[PDB]
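1. Fold the following.
(chains A, B, C and D)
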Amino acid sequence: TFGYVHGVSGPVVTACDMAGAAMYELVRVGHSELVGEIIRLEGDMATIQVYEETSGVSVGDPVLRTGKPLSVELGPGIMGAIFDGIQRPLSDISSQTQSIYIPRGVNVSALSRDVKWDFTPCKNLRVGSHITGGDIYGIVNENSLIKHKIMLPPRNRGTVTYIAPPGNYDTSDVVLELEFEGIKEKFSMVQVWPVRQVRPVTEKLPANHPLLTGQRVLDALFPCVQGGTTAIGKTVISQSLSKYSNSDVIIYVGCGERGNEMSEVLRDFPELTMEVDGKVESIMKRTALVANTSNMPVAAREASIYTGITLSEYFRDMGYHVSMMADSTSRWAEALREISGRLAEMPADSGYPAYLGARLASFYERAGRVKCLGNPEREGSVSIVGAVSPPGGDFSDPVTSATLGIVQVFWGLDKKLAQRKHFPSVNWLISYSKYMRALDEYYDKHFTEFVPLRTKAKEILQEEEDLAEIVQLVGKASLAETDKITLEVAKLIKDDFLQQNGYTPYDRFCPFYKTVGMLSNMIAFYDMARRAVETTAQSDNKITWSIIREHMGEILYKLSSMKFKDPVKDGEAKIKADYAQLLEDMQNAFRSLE
Amino acid sequence: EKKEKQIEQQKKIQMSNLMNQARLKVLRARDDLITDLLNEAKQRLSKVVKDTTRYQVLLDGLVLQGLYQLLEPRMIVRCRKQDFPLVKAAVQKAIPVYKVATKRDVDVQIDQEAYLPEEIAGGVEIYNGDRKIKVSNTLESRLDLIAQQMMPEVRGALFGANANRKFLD
Amino acid sequence: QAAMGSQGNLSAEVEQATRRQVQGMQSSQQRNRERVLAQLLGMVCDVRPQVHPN
Amino acid sequence: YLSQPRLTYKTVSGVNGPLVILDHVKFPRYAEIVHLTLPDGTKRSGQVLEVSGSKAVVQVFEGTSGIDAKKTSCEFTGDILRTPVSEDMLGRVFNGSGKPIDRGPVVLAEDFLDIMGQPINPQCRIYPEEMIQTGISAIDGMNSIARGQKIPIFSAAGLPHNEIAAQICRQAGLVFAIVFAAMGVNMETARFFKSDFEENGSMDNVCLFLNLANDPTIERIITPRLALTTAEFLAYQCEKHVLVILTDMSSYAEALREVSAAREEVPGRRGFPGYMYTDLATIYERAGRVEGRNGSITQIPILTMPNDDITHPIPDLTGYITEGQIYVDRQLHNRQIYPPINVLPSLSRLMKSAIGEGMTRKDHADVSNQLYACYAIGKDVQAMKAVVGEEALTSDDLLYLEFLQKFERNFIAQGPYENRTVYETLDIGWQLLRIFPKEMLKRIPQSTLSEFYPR
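-> Numbers count the residues shown, from 1 in each chain, chains lettered A, B, ... in the order given. The protein structure is shown below:
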């Protein structure tokens, strides 16, 4: 029931007199209730990994034992809240203490126990019916948007002997009491699930709906579907992906990033607005956060990825389409490197452990569209977005090549354009998306001419990477004029189409008609240029690429002006009314040449 | 017109050093007021050595405060030649207190071979058996402990509180 | 003569600024050097022995 | 209060490098402060790195030379390392341990703050949005700094990184205390920041912590902690604006690799310890604004990349904690450019929301994005000129080489006493963008080109 500190070294506390304590269960190290897990057992002792800085713990200090592993409180009151790695609400610590500091070993409920939520049961149930795990026994209007379907915890079943009437309840008032073989158990609105155990589900379905991002890269080139696992101002693309998704729940985490980058999140996220049926609403009515800066200790950083995926696994099981943004994945593996370095564990490659190919695997493979466990016919889905952060600009670090064997979509920055910002780039040697065949039924239905555009837009780019090595060696001399165009539309795509300034108001979200509209006008220009060379080639009036630049200098700026269209201040059919006029001036700019 | 600019720049240094030695004169003359405050408190603590009954219930705690810092089976007390009739009357009062506390046994004696200096002005210095660990609570180690932790309150009481320190008291 | 003369005459107000606040901070010392000395003698004579982690 | 008396030990059961391993210690506390007395009578102080039952491992600051097992006292204070802070330490010169070397008195404390830091809730922090006009056109017109940004000056050995920094302290202001911390610097650099702050007449606002090159090495672990604790006192309790200058943060990590070597942990990347990320994140993250307090800490550390490698573990782990960086390169230093600031790997992650309409000017964000793309292109044409020669270059690529001769002399190259405003920097930046015709500025929209280009 009780222990004593035998010795500390950083965040590694060795405690004596812990005979029957388990692995990965929590304790309370020290006089001031610092939480900490158990990562070893040596006869009578137990080596503790601590989630707070241990400066000031003496020997002989009490180590109180809990009977549970590391777990989160899943219930009503998650939407809008901001958590750390071990799920302490930073908005309830900023008011209960009235101070700007987080105390050491502070204890507060992760969900507020005083506020009253309205309860409305499922209407297909009665007093005396059989209930099983995952069965929804009540719906709570958490806010205007997200109904909060109270479900039974998995590994629980019985027969209903008491269910609460429709009224206002705080999260401790007992609603359900199921009868089992003998034992009866009384239930609440808050369930407790361990952050390293996967929440059970009946079936895992193939994913087929496109998850639409805001970037022109990975919407056109490397697409992602509702349930896929992607990876990638790596931190300015990451949170500009989370702020513009078409999901139901946004679960942003930050796994060890800069401090004033966490000040930018909690300033822009409440002030964002999202349209609903007539009204507009704030997006923090559907968005939970996990706030972990690099300032915070290294064990609590590692559990900030498990805290994010267990929140998004709970809201999947209601039937929603959540989307988890797992920012700074390589800072999470850096927490695993430092944690195992304190335990004298033999590192395999570059100081990283050997189980890094399993710990990153035990995260990404909780995604995917599922058929939810329980009777009222639900279908949920989690889409995981990573954010890889390779050290030193070298792409053979052991976090990338461990991720390549796990994820389904992957796009990474270039080799040359890593220290100098040209954002985004492509890196065709490892970039891929295996959902390119699984999105052809969608593409012919709604856009129906984009897939002929994409194969040519990948053909200009895959041919310029051949020619750029030879212009760096020959120098534009062994180039017939039909290839000096492909050097220049690929310069026009990688500067104007692919390159997206995500922190300007006119490009923080690029809708998919605008991406196809931007791609239609360039591939039309490539077909009108390469006919203006090839039809006047062997005889005189040889229209080269040089002649095209002098007379059409104002039109290639206007092709570089297609990204300055704001998709809100301008219309949807106003942008398309200004793209076709660029086509009718592009068609009238080669009739002057021929 | 370069020797002109050289003097004006050097005048900025001569202004800055006369303004710098102004501060350190004040801050030394503040640190002399504290030094004569502890010097005033030491001799007023040298009128607590007198009256022999207030000092008797001061060594009663000062001996037992050594016996709770180290919990050892053998300890020895090293005191002055003057008040050795008082430390013998102060050690024996602790043994009924120290033994019912902690449920331990003990053997405590007093050094007769190497006394404290007769300038220490009171206090006791409890060793253990092998003389390797030592607690030192004279009146001067008690003065130079509680004073160093009370320089926040001594500064606010003697020379007025800071005006621009808004938060945290 | 305006460089040497505007140093030493400024060095008069350097040494006149200090004596105004040296005499100020030692006039506030004598008011309550008995509020502190009733305190830091009372806490020296207030020994209280304990044993914190068993 | 600590009203118990302190246990003085004489049980030193092993010395090994910079460590002293005691034994028979009665309930030792982690991160404690001891006070060792050597046989000859001198005193060093140390800190506990590990307790295990009855034995402690003391990290002696001034090195363990002369410390034996027989007559070496170790008085355990029973407290973590607390520094004395006040407002009258603005104007003093302390050494790397916090002892004064201005021939003056000790600090009379207003409070006792724990030097290791106590972290701030991210929910109650203000985002740094108000821009600091630093004068220098390369770190203002393209890499702007806000009040509260942690931003290092990456440099190497020999480059004028201590003259670049002292220029910012003369020129910082909006569009103000200084807490300087010298770690392992030479005598001629500490002579330089002193004589610059003396001559400027701002010595009543500067608090210098000097750990010179012959000052002991393991004091450099606590020297940026002793300086930043003063800053977090002067900014959050005194409501002042603080500029913290941590020069040669490379000399932090070589004294941290030193203490982990003889401790024999698991070494990380290039022999540096495992916990180097969260240790520099302990230091760099003590910055920014908070809610309800009008003070701020703007951090400018200074590095030296060894062999000018930006992929060394000191600038690569610093670039993951701080918000942008300022790069000082060697190639522009040989070409007599001051300041030699390479804007291609430089960055300010707080520039995007600190500039714009209503803060500086309408066209700030568009000029810097175009001055980026012209310098990044004309450095590629210069490497294409080395292959095919000067003759095989088109007439719209004798413009990009025209830009580089006028970018690094009229915009970058400044002179150490120019206080160029944020409007004077931009008005330089448009006469460089009139080098090109209007139909090549492809990063600037039509709404700003119709107003700002033709003059």
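
2. element containing residue D:243?
-> Under the criterion of DSSP states H and E, residue D:243 resides in strand D:241-247.

3. can you pull the contacts of the closest residue to residue B:88 other than its chain neighbours?
-> Residue nearest to residue B:88 in three dimensions, not counting chain neighbours: residue B:110, with 6.7 Å by Cβ to Cβ, 6 or more residues apart in numbering or on different chains. Bear in mind the C-beta positions are built from the backbone N, C-alpha and C, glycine included. Residue B:110 makes contacts with B:76-79, B:84, B:87-88, B:91, as judged by Cβ atoms under 8 Å, 6 or more residues apart in numbering or on different chains.

4. how about a cut-off of 10 Å?
-> B:63, B:75-79, B:84, B:87-88, B:91, B:124, B:126 (Cβ atoms under 10 Å, 6 or more residues apart in numbering or on different chains).

5. Which members of those residues are the farthest-apart pair?
-> B:75 and B:84 (16.4 Å; Cβ to Cβ).

6. Looking at these two, which is more packed in?
-> residue B:75 (23 against 16; other Cβ atoms under 10 Å in any protein chain shown).

7. quick one: the residue nearest the centre of chain B and residue A:312, what's the gap?
-> Nearest to the geometric centre of chain B sits residue B:144, at 1.8 Å (Cα atoms, centre = their mean). Taking Cβ to Cβ, to the nearest Å as the measure, residue B:144 falls 59 Å from residue A:312.

8. just to revisit the earlier point, may I ask you to confirm that the residue nearest to the centre of chain B is in contact with residue B:150?
-> No: between residue B:144 and residue B:150 there is no contact under Cβ atoms under 10 Å: 11.1 Å.

9. Identify the residues contacting residue A:341.
-> A:298, A:347, A:351-353, D:265-268, D:273-275.

10. Tell me the one among those residues nearest to residue A:524.
-> Closest to residue A:524, out of all of these and judged by Cβ to Cβ, is residue A:352, at 48.5 Å.

11. So that closest one is in contact with residue A:334, correct?
-> Yes: using Cβ under 10 Å, residue A:352 is in contact with residue A:334, at 8.7 Å.

12. Return every residue with contacts to both of those two.
-> By Cβ under 10 Å, 6+ apart, the residues touching both residue A:352 and residue A:334 are A:399, D:268.

13. between these two, which one's more packed in?
-> Neighbour totals were compared for residue A:352 and residue A:334, and residue A:334 leads with 29 against 21 (other Cβ under 10 Å).

14. Could you tell me the phi and psi values at that one?
-> phi -70, psi -30 (degrees, to the nearest 10).

15. what helix or strand is the residue lying closest to it once chain neighbours are set aside on?
-> The shortest distance from residue A:334 to any non-neighbouring residue, by Cβ to Cβ, 6+ apart, is to residue D:277 (5.7 Å). Using DSSP H and E, residue D:277 sits in helix D:276-284.

16. so which residue of chain A comes closest to chain C?
-> Here chain A gets closest to chain C at one residue, residue A:60, 3.8 Å apart by Cβ to the nearest Cβ.
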